[PDB]
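For what it's worth, the entry's author numbering labels the leading residue of the sequence shown as 56, then goes sequentially. Every residue, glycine too, gets a C-beta built ideally from N, C-alpha and C. Remarks on the structure that follows.
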Amino acid sequence: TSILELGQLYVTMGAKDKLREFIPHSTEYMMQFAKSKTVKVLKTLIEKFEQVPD
């Protein structure tokens, strides 16, 4: 909640080049609480950064 809301909380910001580097965090981080597939969270955040304007 204080980390996933960092990546989620910078989706409103919209600065792209780092948003490219947030999904590497949703790989790095999202798995450390549960090592099970984050490809749900991964994929959802992928579309979340892809739906970014332009």
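Review point. To the nearest angstrom, how far is it from the Cα of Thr99 to the Cα of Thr93?
Key: About 10 Å.
Quick check on the burial criterion: 16 or more other C-beta atoms within 10 angstroms. Buried or exposed for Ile58?
It is exposed - the Cβ of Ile58 has fewer than 16 other Cβ atoms within 10 Å.
- Query: With a Cβ-Cβ cutoff of 8 Å, do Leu74 and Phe104 count as a contact?
  - Reply: Yes; because the gap between Cβ atoms is below 8 Å, this pair is in contact.
| field | Buried versus exposed call for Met85 [16 or more other C-beta atoms within 10 Å across all chains shown] | value | buried
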